[PDB]
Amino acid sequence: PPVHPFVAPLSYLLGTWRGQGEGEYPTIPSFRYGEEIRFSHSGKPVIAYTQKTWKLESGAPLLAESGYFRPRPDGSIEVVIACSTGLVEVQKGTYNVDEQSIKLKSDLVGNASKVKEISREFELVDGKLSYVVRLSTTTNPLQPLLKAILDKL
């Protein structure tokens, strides 16, 4: 199968990325994980997304996301991500093709304990995905929580 036009200006994300992150909030201290994200399509105006963390040495699986990227020509995008931890999110946002990013903020966060708003940001810096999630809780304003780098499989 071949690419559809909506998905072709984000065709660079396509494929398997692998690296490590460092999470860290005011409420918790520096912690580090490995990461694997996959980007794909069956040529609809949608990019499938699967992510997964694991503990570095062990590394027994931690967490896992799957979700779908639906981009539009106006540079608009909407992203729906499920959580193993039991979230769903409906992230609205945009993507710019010069810089090669995506940039979202949650619109609906569901089955959210104390989670107010999450804003994810996948930009290709220097050839590698640079995947940030910022977060707000019922007690802290939005700020950088995770941050992970990765390399093309």
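The numbering used is simple: start at 1 and walk along the sequence shown.
- Relative to its counterpart among 85-93 and 108-116, 108-116 has the higher mean temperature factor, C-alpha atoms as listed in the PDB entry.
- The PDB entry assigns residue 102 a C-alpha temperature factor belonging to the lowest third of its chain's modelled residues.
- Among all modelled residues in this chain, the alpha-carbon of residue 150 has a temperature factor (C-alpha) in the highest third.
- Among all modelled residues in this chain, the alpha-carbon of residue 50 has a temperature factor (C-alpha) in the lowest third.
- Per-chain ranking of the deposited C-alpha B factor places residue 41 in the middle third.
- In this PDB entry, the Cα temperature factor of residue 142 sits in the top third of its chain's modelled residues, the highest group.
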